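As they're listed, the protein sequences go chains A, B, C, D, E and F.
If you count the first sequence from 1, position 3 lands on 28 in UniProt numbering, and the numbers rise without skipping.
Just so you know, the second sequence maps onto residues 12 to 55, 72 to 142, 147 to 328, 336 to 468 in UniProt numbering.
If you count the third sequence from 1, position 9 lands on 59 in UniProt numbering, and the numbers rise without skipping.
If you count the fourth sequence from 1, position 69 lands on 71 in UniProt numbering, and the numbers rise without skipping.
Just so you know, the fifth sequence maps onto residues 4 to 36, 54 to 78, 93 to 115, 202 to 440, 449 to 612 in UniProt numbering.
If you count the sixth sequence from 1, position 22 lands on 90 in UniProt numbering, and the numbers rise without skipping.
We put the beta carbon where it would ideally sit given N, CA and C, even for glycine.
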Amino acid sequence: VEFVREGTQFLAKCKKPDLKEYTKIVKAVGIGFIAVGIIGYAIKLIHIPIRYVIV
Amino acid sequence: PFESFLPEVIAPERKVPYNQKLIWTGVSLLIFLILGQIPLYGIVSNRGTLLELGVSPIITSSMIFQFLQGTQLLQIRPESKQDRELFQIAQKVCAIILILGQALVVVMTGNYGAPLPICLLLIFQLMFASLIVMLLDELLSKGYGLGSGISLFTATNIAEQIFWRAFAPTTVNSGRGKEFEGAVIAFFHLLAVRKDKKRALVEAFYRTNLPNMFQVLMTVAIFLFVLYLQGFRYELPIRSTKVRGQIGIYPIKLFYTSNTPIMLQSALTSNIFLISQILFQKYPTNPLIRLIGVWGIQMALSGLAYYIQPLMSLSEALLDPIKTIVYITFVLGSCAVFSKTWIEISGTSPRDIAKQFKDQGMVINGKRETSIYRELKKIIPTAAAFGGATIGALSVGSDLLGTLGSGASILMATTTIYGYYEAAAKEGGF
Amino acid sequence: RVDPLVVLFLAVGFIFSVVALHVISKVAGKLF
Amino acid sequence: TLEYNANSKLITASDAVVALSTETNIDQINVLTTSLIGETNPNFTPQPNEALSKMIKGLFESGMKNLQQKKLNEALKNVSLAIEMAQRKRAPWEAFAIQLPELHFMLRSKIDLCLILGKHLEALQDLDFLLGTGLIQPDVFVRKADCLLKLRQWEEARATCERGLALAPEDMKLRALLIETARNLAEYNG
Amino acid sequence: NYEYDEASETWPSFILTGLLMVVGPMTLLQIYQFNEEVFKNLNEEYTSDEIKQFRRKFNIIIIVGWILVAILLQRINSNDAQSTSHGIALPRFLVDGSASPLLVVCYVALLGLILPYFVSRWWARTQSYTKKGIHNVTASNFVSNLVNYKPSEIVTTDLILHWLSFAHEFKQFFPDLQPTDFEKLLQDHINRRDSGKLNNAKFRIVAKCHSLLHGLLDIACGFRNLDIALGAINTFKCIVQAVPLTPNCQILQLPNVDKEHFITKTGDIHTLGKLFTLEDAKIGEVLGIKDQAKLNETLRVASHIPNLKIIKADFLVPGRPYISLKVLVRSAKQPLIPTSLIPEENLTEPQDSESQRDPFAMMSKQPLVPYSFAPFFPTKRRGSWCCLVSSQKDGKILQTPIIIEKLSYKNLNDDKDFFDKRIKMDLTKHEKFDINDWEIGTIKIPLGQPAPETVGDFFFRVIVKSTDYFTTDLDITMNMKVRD
Amino acid sequence: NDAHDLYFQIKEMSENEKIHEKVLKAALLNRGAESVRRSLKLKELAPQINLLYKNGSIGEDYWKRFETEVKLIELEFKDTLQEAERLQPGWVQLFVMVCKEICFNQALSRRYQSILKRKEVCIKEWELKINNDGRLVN
């Protein structure tokens, strides 16, 4: 049980992020992630009918 | 040591700005993605397309050479600018021959056919695909790209899977009618054409057979939670001694191990599951083989492999509480000890950081010089163990609530993108 | 030794060569 | 093209239009070959000449003697003739460390005489040359700032006075010149 | 193998979702969606007509998405409509109709031409251009002209114009002209002359000369050469104001003055203060304009150009040393206030952790500078300030010049016109004089070099030159006393 | 922008025009002087060019052009020294010093000759009116 106490005391000394920084973090990460995802999805969608027509 | 003249991309003599780096990342990703959808010619998942081999042989080359470095059999000496080039050219020369061997294996054994020019063309296609993938990784790593190539490709695959499991167009028609495999597509279709809203919402909400909307909300929730729990870090004040007036801070983040121990744990559990299944397949029943696990419908029953099985929903969670109470603690302790072992082996020990402070001359603001290692022993190990335990807890939560993707994959993708953003913000750019 | 545009041009030439090979095989099987 | 003279043995350019670089190099080759015709020894040494220095010193002393006679008009002509001779009739391969300080020393007396006589622009230009060659001392800055205030350039006067005071801060006349240029410039603006 | 939708029963829903997931957030975001500048009005009233003709010469997605959504909803609601059977939501004619090879040909084109062509064009365009913002041939020519530059020739304005007429970015704009023509054009602009037919080329080259002069200044500061940098700043003033560089130029930069009268009648006035020492009618009597409705205009232009003045300047030694200045931006009319009346509260700095971390942050907060009064520069310019430092032992520049933009011109407002110099009644003891009103700017320059390890005196000299007017600037020799 | 080809031109002229022997030696010494001046200039300008190049404001091709010039100057000087040795036997141990002196000496000579032209720029730019005897008459 002492391990949990040490961990709690450690997080107590941690630096919790504020909202004005949180919004920039979430914006940057979400934009990057959605960009990668949409690129992957579009490149996986376009190539089905073309792989039908060619082959 | 030897001499060789091989293809390699050159590094820029100056630092490349942000916009060109971003454009090169985008175009390299696009080429790697197009390369993986176009199938081969001579034959009659990324299986059966131009990207059969993938980057896995490159991962194996890097892994075996990292292990050879860690075991101290090459006598690494950073004091010379020649052993680095020798190791780098050894990487390439062994990767090429191992890739050639894997290609020969898959062409002479795979499902393409035993019956010569066709086999030559089939080996040449795979050779050229793997070579271009290697060149592209090298280009992205030399400096033109934001970060590594392998991690970017992995994040790409994870994000693409998460989307396709949400906005799928492929309709599945089994007796009752055409049903969508996407989430939002299914919701909008059953809202528009069914015209029975009170039943349509509940029918499109659960869908025990195909992805639904509740899973999408849950995965958005876990994504936001992970993005919140990422900025946590321990900051302590540091000051320099060689030149005065330099005050600084050394951040100690929470996810210190950076997704390695969860990967090791998943790999070892998958491997032991495969071995147990194969041995249960070879021998039908035996004392030890029946005691370690009794496979059924494939999930083992009354076995240790059955005990280490993940929990898919709250149903099996409330079914046998002892399995959960052993499995959760097992996975948590495993991730914790793996975090400790990794911070011990990877040269990130408090001793190495104290030595680095001795070299750079950095010291704490309001503390002496003989206690840096003593203080680091009280900050680093607890941080690593707690990071491992938290990764384990989030993985358990994701596997239990059953989102569109496993928690490990979302964690890896989010961490890689966060590292990209952190580098971009520390450097300073759009 | 090689420039980035070299890598891009090689990759595009390769992909287009494979696609041309497929379409040639298909049109040959369809015509004769 | 370019014609080779017959009896003078100096190269002359016959073209109609030429840039400045070719003209300078042609003049330098002219003076070099004119010196080589004069010097008869095959293995020449950088050791300076003697009779040339003798006549130079003679002209310089004959010019300086006019100050004791209080003749302020011909002394400048005499020192100028001595400087012109020491600049013309000394071949370039002669020692640097003995052609530089002699010129500097003679130009110093010329500067002082020209500043006292009443000619100002010439004195300021000579001072700027002497300061560009690499001699930076409060025996130059005070005279330069004096000439600047004399021919009415105030901002550069303050600039030079401050550069001087930042190289001999214990000076007594640089501060007076600084105060005077400050008053003049405050009148110039206000 | 899939089964494509044959009777148009599933692609409507898919396209409708693809439209909604784009329209929704856009509609949501659309629904959710200091420093007095008194020259912005008088600038456009005196600029000639040709410049105006030049400067004039050189959301529907939401609505269309919503109407298409309406069409799709009407079309879907108007329709009448064991082993598993897969089916892809795209229609059938896209692969089975008479338009089968058109798609593959379009894709082969989009992969074989449009991608490599555009990427190669963009790469070649962003490879050549230097970081400062100029071509490579121009930078090469500037360096090759500073390298073999004899220190004998005194830098003038003509020499820098002759260096600028050899630029390369002037050749692409007009591949038919020659450099001597560019020189003649730039001269015709400086001396307020008409080109006749090449006006729309002269305005192009003059509007482009700005970044070129900044590049030349940066390279000249690089080579540790001071004369060419100072000449570059003077020529930049010269072009922006379109007036030849002379002794009495501060008074010829005014809007409407006649040289052929001023040069001949008076010969003792050389600067603004010497002008404002005169009375109100004597100004017009000397300038020779004789028009009150316009005399007020020229006085309004001549009572607003910023002259600087120092208050306190010294070194500071953080982890990296940086210079700090205390300038007091004054107009050409207000008399001298003693430095003693400064309450000393404005000068002092707050000592906080956030301030100690990034000291230049407190400077980065100040407002911006107004639009300059450039009735002959074709475009519109914000006033600028270029402050460059030079050493005092030998006389060479020792860092790139720092170009500051933010300075509080508040002290020039027409509200405190009671503080005039012609009253000479000791106006500091006035009911309107409130020392708490005069705002004291702040300029901070990093030293750009590590401190000397020796112990002794080290002299420096900081210049702050203006770049749009012919105003008064700063020339001080500050010293650092290293003591350890 | 050099006097390098000038020695070759004078040599080709002397090959048939019967030019005296001292003019050849003078042109040779002058070419050596220009070579020494350029060597010193490049040796002193290398650091600031390197700094600007690392700052990324000079491009890339100019660094290679500079590096080529560094050794091309030395090649030209060695060719000149060999030509000198061919022109007179045992005349190389003195030639280098004679050149090292003429370079600096004629540099000073040009800097001093420049003032007669430099003087009128000040008059034109400050609008002075100087009568005879160099005094001011406002």
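| query | result |
| --- | --- |
| Length of the line joining the Cα atoms of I97 (chain E) and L183 (chain B) | 37 Å |
| Beta strand (DSSP E) segment containing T162 (chain D), residue limits | No beta strand (DSSP E) contains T162 (chain D), which is instead part of the alpha helix (DSSP H) from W156 to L167. |
| Within-7 Å CB hit, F286 (chain B) to chain E | no |
| Where the alpha helix (DSSP H) containing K111 (chain F) begins and where it ends | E89 to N123 |
| Partners in chain B for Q202 (chain E), counting only beta-carbon separations shorter than 7 Å | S205 and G206 |
| At least three beta-carbon pairs within less than 8 Å, the stretch 268–275 of chain B to the stretch 244–253 of chain B | no |
| Proximal residues of chain B, C-beta to C-beta of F64 (chain C) below 7 Å | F159 and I163 |
| Exposed unless 16 or more other CB atoms sit within 10 angstroms - verdict on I371 (chain E) | buried |
| Boundaries of the alpha helix (DSSP H) in which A461 (chain B) is found, first to last residue | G445 to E465 |
| Candidates E:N345, E:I310 and E:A244: closest to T528 (chain E) by CA position | E:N345 |
| Distance between beta carbons of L281 (chain E) and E303 (chain E), contact taken as under 8 Å | 6 Å |
| Reduced DSSP category for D347 (chain E) - H, G, I as helix; E, B as strand; rest coil | helix |
| Candidates E:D601, E:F561, E:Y227 and E:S518: closest to residue 173 (chain E) by CA position | Residue 173 (chain E) falls within a stretch that is absent from the model, since chain E runs 115 to 202 with no residues between. |
| 7 Å Cβ cutoff met for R589 (chain E) and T605 (chain E) | yes |
| Residues near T291 (chain B) by beta carbon distance below 7 Å, same chain, minus five either side | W380 |
| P157 (chain F) to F62 (chain D) span [Cα, whole Å] | 42 Å |
| Of the residues B:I42, B:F395 and B:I216, the one placed nearest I68 (chain A), counting alpha carbons only | B:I42 |
| Nearest-angstrom Cβ-Cβ length linking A130 (chain B) and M165 (chain B), presumed shorter than 8 Å | Their Cβ separation, rounded to whole angstroms, is 13 Å, which puts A130 (chain B) and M165 (chain B) out of contact at 8 Å. |
| is_contact[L71 (chain C), chain B] using C-beta, thresh 7 Å | yes |
| Reduced DSSP secondary structure (H/G/I, E/B, other) of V20 (chain D) | coil |
| Between the CA atoms of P364 (chain E) and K11 (chain D) - distance to the nearest angstrom | 48 Å |
| Candidates B:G53, B:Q118 and B:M450, of which the one nearest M294 (chain B) by Cα | B:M450 |
| Inter-residue Cα distance where the pair is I71 (chain E) and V205 (chain F) | 44 Å |
| Backbone secondary structure at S205 (chain E) - three-state DSSP | strand |
| Proximal residues of chain B, C-beta to C-beta of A61 (chain C) below 8 Å | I42, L46, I163 and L167 |
| is_contact[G100 (chain F), chain B] using C-beta, thresh 7 Å | no |
| As assigned by DSSP and simplified to three states, the class of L123 (chain D) | helix |
| Straight-line Cα distance separating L496 (chain E) from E57 (chain E) | 10 Å |
| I328 (chain B) burial status per 10 Å Cβ neighbour count (16 or more: buried) | exposed |
| Whole-Å CB distance - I410 (chain B) paired with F395 (chain B), under 8 Å assumed | 6 Å |
| Reduced DSSP category for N55 (chain E) - H, G, I as helix; E, B as strand; rest coil | coil |
| Pairwise C-alpha distance: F28 (chain A) and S436 (chain B) | 24 Å |
| Assigned exposure category for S23 (chain D) - 16 Cβ within 10 Å defines buried | exposed |
| Where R550 (chain E) falls, given that 16 or more other Cβ within 10 Å makes a residue buried | exposed |
| Cβ contact check for the stretch 349–359 of chain B and the stretch 400–408 of chain B: 3 or more pairs under 8 Å | no |
| Residue span of the beta strand (DSSP E) that contains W326 (chain B), given as start and end | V325 to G327 |
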